Peer 1: 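Below you'll find the structure I mean.
Atom set for the values below is all heavy atoms of this structure, side chains included, hydrogens, waters and symmetry mates excluded. Residue numbers start from 1 in every chain, and the chains themselves are labelled A, B, ... in the order their sequence lines are given, proteins ahead of strands.
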Number of protein chains: 2
Amino acid sequence: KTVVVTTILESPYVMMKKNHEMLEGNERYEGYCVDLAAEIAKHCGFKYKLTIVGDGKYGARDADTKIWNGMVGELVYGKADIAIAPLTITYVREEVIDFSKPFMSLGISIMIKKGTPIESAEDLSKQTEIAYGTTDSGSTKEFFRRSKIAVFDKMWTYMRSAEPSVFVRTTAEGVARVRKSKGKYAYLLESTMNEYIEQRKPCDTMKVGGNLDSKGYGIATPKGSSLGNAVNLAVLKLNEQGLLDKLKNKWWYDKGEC
Amino acid sequence: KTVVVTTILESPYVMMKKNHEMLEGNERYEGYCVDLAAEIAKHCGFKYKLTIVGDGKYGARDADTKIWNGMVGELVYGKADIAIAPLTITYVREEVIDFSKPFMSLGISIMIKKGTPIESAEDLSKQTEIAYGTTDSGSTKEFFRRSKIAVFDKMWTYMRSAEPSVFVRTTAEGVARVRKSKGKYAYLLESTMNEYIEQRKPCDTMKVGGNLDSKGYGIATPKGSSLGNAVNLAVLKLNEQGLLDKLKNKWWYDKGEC
Ligand SMILES: Cc1onc(O)c1C[C@H](N)C(=O)O
Ligand SMILES: Cc1onc(O)c1C[C@H](N)C(=O)O
């Protein structure tokens, strides 16, 4: 049976090919995760269908309804068999779904419009002029909401009450906000995305400071899935073979426009 | 049931405390992994006994004899219940034992005596004047043996046949060799150790170039062990709580000497 792969439209992980309107199925997409999915499928010997997550979210549990959304929800409720995307491995997610060992390492970082007088999370927490926020329904927002660390707690206290909302629905929306805010908005997103955008026209944004944490992305499967073991080994193999490093260079720097 | 923890004497992960000769049990040791064992045990609710791996090795499968040695062997043959040490998550190991998500991220790096005219792996491969090797029975040696990447394969071809042997039994042995070879020997070891040593007297070593790969250390358990799940969630919890970062800052920086 064809394996249903849930993923998210997030450059450069999954993107629409130039002539996608003339293409069908998996041929409509290109990107790091499109390439990765092919490698994993070949190694695990299965056929698959890439499907873009319906609500366009990574995945969080509704504190009220206790219902999971995004890619996590699609796995939890049986809509998809596996998730291949820049989905972060976290405690609350590991409680409901399985994750392979990481295929990419990263951490939350700060994106600023070049020239913005900010160099750290501490800087952001101390000032009021420059607003800052994160993407909704993901591990980054949960990071600040749950942090007991002084700096991050202060930032969360501010973000949770900010008006207008400093939270964005997608990475693209956040990038646009940084670029159009004349330096009055800083965006908290993972290092992977930050460094990617840093290499794309108009080259007006940049990553400042070190990462706030260290974590990774994992391929996810519903709890008890029979695909789990083989996928985990496939990831480890592809990494040791240097394929993952090649894919990173391919989509991040070989095509860099800055 | 007292959980038997197999680990290895490797500074600053596990070290004999001053006057350990008059100490007993777990109290004889100190270090990053000693602290981690305590937190993991507390979260998983178990008592444990730290034991230093008999052959002082990380773990590899002997060709021909096909028997696993080091900490991996301890787990595989039932000598230990869990391994808490700087043990790299690898494909071949994952085939015989289980690993938690990583508690530390790192990569293979190059250590040189300060002043050595080498800045990359390519440099080492492009010459023969400066010898170079890795530690025996571990992920680093296996990395070169299996790599199909031009530079690394060329390096392996040289190392496999070099005389006298460029392979060392322990990192301390590799470090001492770099320090006493007047720049005629470079050492291939993980970034964690390289960075640690660079801040220690006689402050005569340094890391050059970026890491060759990206991987992590995981807490290992016998395949199918009941401890697997709880340990994995414990590692994720501790990382998200910021404890893993505090622990590294404590054993690498707070104590740093150069
Ligand atoms: C990608 C990405 O970049 N910044 C982020 O917060 C994310 C989403 C994050 N990886 C998640 O799984 O929620
Ligand atoms: C620690 C350490 O530092 N360099 C290395 O090769 C190692 C050993 C490596 N972590 C293993 O598991 O074999």
Peer 1: May I ask you to test the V96(A)-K223(A) pair for a side-chain heavy-atom distance under 4.5 Å?
Peer 2: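 No; the side chains remain at least 4.5 Å from each other.
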
Peer 1: Please report the closest heavy-atom contact between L106(A) and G216(A), naming both atoms and the distance.
Peer 2: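 So the minimum-distance heavy-atom pair works out to CD1-CA, 3.7 Å.
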
Peer 1: Could you check if a side-chain atom of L189(B) sits within less than 4.5 angstrom of a side-chain atom of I108(B), using non-hydrogen atoms only?
Peer 2: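 In short, these two side chains do not touch, never coming nearer than 4.5 Å.
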
Peer 1: Show the nearest heavy-atom pair for residues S137(B) and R93(B), with the distance to one decimal.
Peer 2: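 Nearest pair, atom of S137(B) first, then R93(B): O-NH2, 4.1 Å.
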
Peer 1: Using the benzene-type ring in the case of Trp, are the ring centres of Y185(B) and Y132(B) under 6.0 Å apart?
Peer 2: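 So the answer is no for these two rings.
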
Peer 1: What pair of heavy atoms forms the shortest contact from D35(B) to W251(B), and how long is it?
Peer 2: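 That would be OD2-NE1, 2.9 Å.
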
Peer 1: Would you confirm whether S225(B), through its side chain, and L227(B), through its main-chain N or O, come within 3.5 Å as a donor-acceptor pair?
Peer 2: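 Looks like yes, one N/O pair under 3.5 Å.
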
Peer 1: For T134(A) and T140(A), run side chain to side chain donor-acceptor pair (under 3.5 Å): C-alpha distance rounded to whole Å, both residues' side-chain angles, the deciding distance at 0.1 Å, then the answer.
Peer 2: CA-CA 7 Å; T134(A) 77; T140(A) 298; over 6 Å; no

Peer 1: Before giving the answer on side chain to side chain contact (heavy atoms under 4.5 Å, CB included), spell out for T157(B) and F144(B) the whole-Å C-alpha distance, their side-chain angles and the decisive distance to 0.1 Å.
Peer 2: CA-CA 9 Å; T157(B) 296; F144(B) 283 100; over 6 Å; no

Peer 1: Once side-chain hydrogen bond (donor to acceptor under 3.5 Å, both in side chains) is applied, do any residues pair with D213(B), and if so which ones, sequence neighbours excluded?
Peer 2: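 Applying side-chain hydrogen bond (donor to acceptor under 3.5 Å, both in side chains) to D213(B) gives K215(B).
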
Peer 1: Heavy-atom distance under 4.5 Å between the side chains of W68(A) and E74(A), does that happen here?
Peer 2: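 In short, these two side chains do not touch, never coming nearer than 4.5 Å.
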
Peer 1: Got a donor-acceptor contact below 3.5 angstrom from the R28(B) side chain to the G25(B) backbone?
Peer 2: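 Between the backbone of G25(B) and the side chain of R28(B) there is a qualifying donor-acceptor contact (under 3.5 Å).
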
Peer 1: Heavy atoms, side chains only, cut-off 4.5 Å: are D81(A) and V5(A) in contact?
Peer 2: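 Side-chain contact under 4.5 Å: no.
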
Peer 1: Can you sort out the partners of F99(B) under ring pair (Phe, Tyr, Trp, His ring centres under 6.0 Å), two or more places apart, ordered by chain and number?
Peer 2: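 Scan of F99(B) (ring pair (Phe, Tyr, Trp, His ring centres under 6.0 Å), adjacent residues dropped) gives none.
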
Peer 1: Quick check: closest heavy atoms across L238(A) and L36(A), and the distance to 0.1 Å?
Peer 2: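 Reported closest heavy-atom pair: CD1-CD1, 4.0 Å.
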
Peer 1: Which atoms form the tightest heavy-atom contact between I97(A) and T221(A), and what is the distance?
Peer 2: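 It is CB-O, 3.6 Å.
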
Peer 1: Considering only heavy atoms from C-beta outward, does the side chain of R61(B) approach that of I67(B) to under 4.5 Å?
Peer 2: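 SC-SC contact between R61(B) and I67(B) ruled out.
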
Peer 1: Does any N or O in the side chain of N249(B) come within less than 3.5 Å of the main-chain N or O of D245(B), such that one atom is a donor and the other an acceptor?
Peer 2: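 Confirmed, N249(B) side chain pairs with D245(B) backbone.
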
Peer 1: Decide yes or no for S214(A) and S105(A): does some side-chain heavy atom of the first lie under 4.5 Å from some side-chain heavy atom of the second?
Peer 2: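 The answer is no, as the side chains (C-beta and beyond) never meet within the 4.5 Å cut-off.
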
Peer 1: Heavy atoms, side chains only, cut-off 4.5 Å: are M206(B) and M111(B) in contact?
Peer 2: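 A side-chain contact is absent here, since even the closest heavy-atom pair is not under 4.5 Å.
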
Peer 1: Is there a donor in the side chain of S109(A) and an acceptor in the side chain of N194(A), or the other way round, less than 3.5 Å apart?
Peer 2: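 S109(A) vs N194(A): donor-acceptor pair found between side chains.
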
Peer 1: More than 12 heavy atoms of other residues, nucleotides or ligands under 6.0 Å from NZ of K49(B): yes or no?
Peer 2: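 Atom NZ in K49(B) is not packed in, count stays at 12 or less.
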
Peer 1: Output yes when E142(B) and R145(B) qualify as a salt bridge under the 4.0 Å nitrogen-oxygen rule, no when they do not.
Peer 2: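 Looking at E142(B) and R145(B), the cut-off is met.
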
Peer 1: Charged N to carboxylate O below 4.0 Å: is that the case for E195(B) and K207(B)?
Peer 2: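 Yes.
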
Peer 1: Check residues 6-13 of chain B and write down every donor-acceptor pair under 3.5 Å in which the side-chain atom is one partner and the other belongs to a residue at least two apart or another chain.
Peer 2:
residue : atom : partner : partner atom : Å
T7(B)   : OG1  : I84(B)  : O            : 2.8
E10(B)  : OE1  : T171(B) : OG1          : 2.6
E10(B)  : OE2  : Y58(B)  : OH           : 2.3

Peer 1: Parallel, tilted or perpendicular: which one describes the rings of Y217(B) and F103(B), with boundaries at 30° and 60°?
Peer 2: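 The rings of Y217(B) and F103(B) sit tilted, inter-plane angle from 30° to 60°.
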
Peer 1: Looking at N69(A), is its backbone amide N or carbonyl O close enough to the side chain of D62(A) to form a donor-acceptor pair, meaning the two atoms are under 3.5 Å apart?
Peer 2: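 Side chain of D62(A) to backbone of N69(A), a donor-acceptor pair under 3.5 Å: no, none is there.
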
Peer 1: Determine yes or no for a side-chain-to-main-chain donor-acceptor pair under 3.5 angstrom, with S191(A) supplying the side chain and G107(A) the backbone.
Peer 2: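 Yes.
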
Peer 1: Does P102(B) reach the side chain of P102(A), with side-chain heavy atoms less than 4.5 Å apart?
Peer 2: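 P102(B) vs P102(A): side chains touch.
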
Peer 1: How long is the straight-line distance from NZ of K237(B) back to CG of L243(B), given to the nearest 0.5 Å?
Peer 2: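 Reported to 0.5 Å precision, the distance equals 11.0 Å.
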
Peer 1: Work out which heavy atom in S100(B) is nearest to a heavy atom in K101(A); give both atom names and the distance.
Peer 2: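 In terms of heavy atoms, the two residues are closest at O-CE, 3.3 Å.
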
Peer 1: How far does CD of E240(B) sit from OH of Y91(A), to the nearest 0.5 angstrom?
Peer 2: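 Separation between the atoms: 9.0 Å.
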
Peer 1: If the threshold is 4.0 Å, N to carboxylate O, is there a salt bridge linking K57(A) and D136(A)?
Peer 2: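 No salt bridge links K57(A) with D136(A).
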
